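Colleague: The structure's right below; bear with me while I get my questions together.
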Ligand code: HEM
Ligand code: HEM
Ligand SMILES: Cc1cc(N)nc2cc(-c3cncc(CN)c3)ccc12
Ligand SMILES: Cc1cc(N)nc2cc(-c3cncc(CN)c3)ccc12
Ligand SMILES: Cc1cc(N)nc2cc(-c3cncc(CN)c3)ccc12
Ligand SMILES: C[C@H](O)[C@H](O)[C@H]1CNc2nc(N)[nH]c(=O)c2N1
Ligand SMILES: [Cl-]
Ligand SMILES: [Cl-]
Ligand SMILES: [Gd]
Ligand SMILES: [Zn+2]
């Protein structure tokens, strides 16, 4: 039972929940691998025991264990797998398992919200044009004209036999990235690969820096085909600064809805290779990482030139000064546009309350310190001073090979 | 099977074969990572010794030579006869450099071979100790042009007690509790302040009162020693444009000299071996002044800046903090005292990582400690994956001797 301390206040708690971790992680007594983005590398017999454990926490959370109403559910599952080698989830179980995978996501800082999630059950899906209609229902419901609502849409699980449903884009909204005789990039360098797949699959390229990409959707066994998102379903936010009037002229935008569509939803031993979820942005994700990472839009020196900062010497902290204004512009622009967003202070403070909540509820919370701490002003937030334990619980969102 | 490590800013990939020989074990398991925690007889002393000697004779390009097998047999025979052994001076110098080189939370390690080693292993009393320490401080400070130094005091030995310095650093500011239950000065130092008082220190009542030294000679209670005002170079803090900032009366000192860590070399243990470098400006500006449980000036500066502190989305904290860091860097450069900002520091740590991979095939690095406390992803170490593990020689933490 690891001892975890908060250095700002002095409180101590013990993490008893860690003892129930099973899926072993990357670290050993010899060496710590906590900072690696993708840890390690990306006869059903074992399918039963995973299913059993999940059902036991489902009925643990709700009502009753012991001559209850779920040895019946225990029996139906093992009879289901005995018959067909896989089983189906009750809609409330899929709902509960969806909420738990969010609750167990060590790298997510917004888990104080894990109880409010809209689980669309898309398991009766049959083709790409139908998928695309689920994805569009989600996007409309999530966006909600800027009053954002957490939502996940679960497509049919992996079933031994033939291929699985697959969103080829990493998100539902991604900006194109084009190359030159420079080898430089116009638009988002994170999306240089998928941009040329859309092109090689028929899409006509675009103007440049903020072209929303088409959707590459894949039904089982079929080759993927492109889908164009309706420009009215893709709410974007022009970036302007409250007092730097020239900032709007830089032409920067970002989209409203963060919707990750490449991760794998594992519930009770079932694998859902297509289960896109969405929430709302923390502001530093846009202002600091997306716009200012050297391998992303890399705008930092451009904004410092415009602010007339001393870029000739690092010790003027021009990088720090321009990055703060970029973030102030993000927060300002989303609020003026009435689009849900949350700044890294509000968010980290909420996550501390989540930690105390989870301490009383489950005796701990898995948290990945390096991803909980924001990428600007780390030690200014309380999460910086909070020791944390990182470990894998199921249900879980997990990374997966991309379909190439 | 060696960990694969990527730099995401550039696309680089390397493999950390050096982690494979990590001689001590940490707190992480495959069940759970604890990287974020702050505080994670005969031939076992001989095995660390043989390894260290193997290290030394490898760096002087003389591995497996005449002089090498002799030293092994010397050290072995000495542990049989005395239970311990004595480092030669050249070994001590190399051992102290490796300890810095091996320190996984140090972003200043590009400098690790530029290290001035003072051998005080002949020290006899707390009074001699004091004299050696004033010499260390005088040499490291060097009128504001700081130099890396370490003074090594006698090793832990059977039959005698330890030398210990009770202060966590050579230069620290008093922390007095008070009427409000509040602390005046540095809250991180209330306990050592209470120990100095009850050992005969006449306490002041300011916010930046330099503490006396509590020095322990073996099997003796600690003795108080005052540092001469002129040995402790301080820096008044002002801001290059916010002229009201100098009216906060804030100061910091020049020399960061950590005195409470244990130096370990080939199984031998030195519980007293203070070491000093020069500050990175975030240690002072961000942590020491803005930590809510340290001086905690952030709101008072943000109010003085006429920022809107009612709402977090104005980012008033980030803005006040960045100007505090500016003021720290300005003030140190104005006073001609060495200082490094977190952009220069992290860029040189990247160069250190590239040197280390070519030399030893890797580098122990604690990401959460290497990444600065403000502007993290603005620096290149953010996008560098790292491998944390414990190599000897090393500095370790040790319990407080009270
Ligand atoms: C409600 C507002 C939410 C906020 C503000 C938020 C914020 C964040 C942030 C900042 C990260 C770090 C990602 C990175 O920078 O690499 C993250 C990760 C993550 N989020 Fe949340 N999130 C929210 C909702 C959700 C929802 C609804 C789900 C799923 C149902 C979810 C699941 C995850 C997962 C699995 C990760 C880890 C992703 C990975 O490991 O690659 N989050 N979140
Ligand atoms: C010359 C310039 C140096 C710089 C810029 C520097 C920078 C730093 C920084 C920023 C830290 C982390 C501080 C924190 O915990 O907040 C650190 C830690 C450390 N440094 Fe360096 N340092 C320098 C010199 C040295 C020297 C000369 C030694 C030893 C001979 C050393 C050994 C260590 C150790 C052992 C730690 C970890 C401290 C701990 O575990 O509590 N450093 N350094
Ligand atoms: C639901 C949700 C909300 C939010 N604000 N950010 C997310 C960020 C991710 C995410 C995961 N891996 C990598 C990235 C980009 N480095 C982002 C996934 C889901 C998110
Ligand atoms: C030689 C040296 C130089 C420097 N600039 N900072 C140091 C900082 C420390 C250090 C040790 N324990 C705790 C801290 C702050 N959490 C800092 C130790 C040595 C340092
Ligand atoms: C996770 C983490 C990362 C990091 N780089 N430094 C930490 C420093 C502390 C810390 C250490 N000693 C004293 C204090 C008082 N602020 C705080 C706690 C956690 C930290
Ligand atoms: C190398 C390092 O582990 C990597 O850049 C991580 C660190 N922390 C992060 N934290 C968040 N939220 N998002 C990220 O992409 C990263 N990147
Ligand atoms: Cl994003
Ligand atoms: Cl300090
Ligand atoms: Gd002024
Ligand atoms: Zn670990």
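Chains as they are written, first to last, in the entry's author numbering: chain A, 68 to 109, 119 to 480; chain B, 67 to 106, 119 to 480.
We treat Cβ as the ideally placed atom computed from N, Cα and C, and that holds for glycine.
Going by C-alpha to C-alpha distance, which of B:79, B:310, B:89 sits closest to residue 221 of chain B?
Modeller: B:310
Colleague: Where do the N-terminal and C-terminal ends of the beta strand (DSSP E) with residue 227 of chain A fall, by residue?
Modeller: 227–230
Colleague: With 9 angstroms as the limit, tell me which residues of the stretch 413–430 of chain B have their beta carbon closer than that to any beta carbon of chain A; keep them in chain order.
Modeller: Those residues of the stretch 413–430 of chain B placed with their C-beta closer than 9 angstroms to a C-beta in chain A are 417, 418, 419, 420, 421, 422, 425, ordered along the chain.
Colleague: Helix or strand or just coil, what does DSSP make of residue 466 of chain A?
Modeller: strand
Colleague: Under a three-way DSSP split, which group does residue 358 of chain A fall into?
Modeller: Of the three classes helix, strand and coil, the one that applies to residue 358 of chain A here is strand, per DSSP.
Colleague: Any heavy atom of ligand 6 inside 8 angstroms of the beta-carbon of residue 451 of chain A?
Modeller: yes
Colleague: Could you check whether the Cβ of residue 138 of chain A sits closer than 8 angstroms to any heavy atom belonging to ligand 8?
Modeller: no
Colleague: Between residue 337 of chain A and residue 160 of chain A, what straight-line distance do the alpha-carbon atoms span, to the nearest angstrom?
Modeller: 29 angstroms
Colleague: Considering only the beta carbon of each residue, do residue 93 of chain B and residue 162 of chain B sit closer than 9 angstroms?
Modeller: no
Colleague: Let me know if residue 138 of chain A comes out buried or exposed under the rule of 16 or more other beta-carbons within 10 Å of its beta-carbon.
Modeller: With fewer than 16 other Cβ atoms within 10 Å, it is exposed.
Colleague: Residue range of the alpha helix (DSSP H) that residue 150 of chain B falls in?
Modeller: Taken as a continuous stretch (DSSP letters only), the alpha helix (DSSP H) holding residue 150 of chain B covers 144–160.
Colleague: So with CB distances below 9 angstroms, who are the chain A contacts of residue 104 of chain B?
Modeller: 72, 74, 463
Colleague: Among residues of its own chain, excluding the 5 on either side of residue 392 of chain B, which ones have a beta-carbon nearer than 8 angstroms to its beta-carbon?
Modeller: 385, 386
Colleague: Which first and last residues belong to the alpha helix (DSSP H) in which residue 172 of chain B is found?
Modeller: 167–179
Colleague: Taking C-beta pairs closer than 9 angstroms, name the residues in chain B that residue 445 of chain A reaches, listed in chain order.
Modeller: 99, 101, 102, 446
Colleague: Measure how close the beta-carbons of residue 452 of chain A and residue 364 of chain A come, nearest whole angstrom, since I'm counting them as under 8 angstroms.
Modeller: 5 angstroms
Colleague: Could you check the C-alpha separation between residue 77 of chain A and residue 268 of chain B for me, to the nearest Å?
Modeller: 14 angstroms
Colleague: My understanding is that residue 371 of chain B touches residue 188 of chain B, with C-beta atoms under 8 angstroms, so please give their C-beta distance in whole angstroms.
Modeller: Not really, about 31 angstroms apart at Cβ, beyond 8 angstroms.
Colleague: Just list the residues that DSSP pairs residue 442 of chain B with in beta bridges.
Modeller: B:465
Colleague: What residues from chain A crowd round residue 452 of chain B, counting only those whose CB sits closer than 8 angstroms?
Modeller: 396, 452, 453, 454, 455, 456
Colleague: Under 8 angstroms, with one C-beta from each stretch per pair, do the stretch 427–445 of chain B and the stretch 338–358 of chain B reach the 3-pair mark?
Modeller: no
Colleague: Restricting to Cα atoms, I'd like to know which of B:317, B:446, B:292 is closest to residue 246 of chain B.
Modeller: B:292
Colleague: Give the single residue among B:347, B:166, B:273, B:443 whose Cα lies nearest to the Cα of residue 126 of chain B.
Modeller: B:347
Colleague: So who's on the other strand from residue 243 of chain B, going by DSSP bridges?
Modeller: B:293
Colleague: Measure the Cβ-Cβ separation of residue 115 of chain B and residue 465 of chain B and say whether it is below 9 angstroms.
Modeller: Missing from the coordinates is residue 115 of chain B; the shown part of chain B jumps over it, going from 106 to 119.
Colleague: Around the Cβ of residue 283 of chain B, are there at least 16 other Cβ atoms within 10 angstroms (buried) or fewer (exposed)?
Modeller: exposed
Colleague: State yes or no: is the C-beta of residue 75 of chain B nearer than 8 angstroms to some heavy atom of ligand 3?
Modeller: Answer for residue 75 of chain B: no, Cβ out of range of ligand 3.
Colleague: Quick one: residues in its chain with C-beta nearer than 8 angstroms to the C-beta of residue 402 of chain B, no 5 flanking neighbours on either side, listed in chain order?
Modeller: 363, 364, 367, 368, 375, 376, 379
Colleague: Residues in its own chain within less than 6 angstroms of residue 195 of chain B by CB, not counting five upstream and five downstream?
Modeller: Closer than 6 angstroms at the Cβ level, and outside the excluded window around residue 195 of chain B, lie 171, 174, 228.
Colleague: Report the start-end ranges of each beta strand (DSSP E) in the stretch 253–329 of chain A that is 3 residues or longer and not cut off at the edges.
Modeller: Those beta strand (DSSP E) runs which fall completely within the stretch 253–329 of chain A and span 3+ residues are 253–255, 261–263, 291–294, 301–303, 312–314.
Colleague: What's the C-alpha gap between residue 248 of chain A and residue 360 of chain A?
Modeller: 20 angstroms
Colleague: Would you check whether ligand 5 has a heavy atom nearer than 8 angstroms to the C-beta of residue 246 of chain B?
Modeller: no
Colleague: Does the Cβ of residue 461 of chain A lie closer than 8 angstroms to at least one heavy atom of ligand 5?
Modeller: yes
Colleague: Can you give me the start and stop residues for the beta strand (DSSP E) that residue 474 of chain A sits inside?
Modeller: 472–474
Colleague: Rounded to the nearest angstrom, how far is the Cβ of residue 412 of chain B from that of residue 399 of chain A, given a contact under 8 angstroms?
Modeller: Actually they do not touch by this definition, with Cβ atoms about 25 angstroms apart.
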